[PDB]
């Protein structure tokens, strides 16, 4: 099963992500982390997370506590062991600098969280149907 890593400090948002993936026909495991430090410790599979499984797909919000998500994305994609893992940025940040800088950093796609839940639920369903069903994730 595909291991999906979500780094989201918003509970309302991660709850909606869990709900969308909870009704997916594709098997998978969802690991949720709440800050940039946890995400990095995990990805670098260090102590707290030494035996931790690597993710086949990462959903990332740029605005995170402890360590900036913009930083997490850069280190993931500058690291030869993790750069191959598709990263999906899903964030509240509408800032133009962030959009460009992220794609230049090699983020796979950048998504902006709808203000209205109904649309966000639709957006997350789109992520699920595309990245978990149509896309062939790397090994």
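Residue numbers count along the first chain shown, from 1.
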Q: Taking the mean of the C-alpha B-factors per stretch from the entry, tell me the winner out of 44-52 and 110-118.
A: 44-52
**Q.** Between the two ranges 65-73 and 84-92, the one averaging a larger CA B factor in the entry
**A.** 65-73
Q. According to the deposited entry, which of 99, 38, 30, 59 has the largest Cα B-factor?
A. 30
Q. If you check the C-alpha B-factor for each of 25, 10, 18, 125 in the entry, which is highest?
A. 25
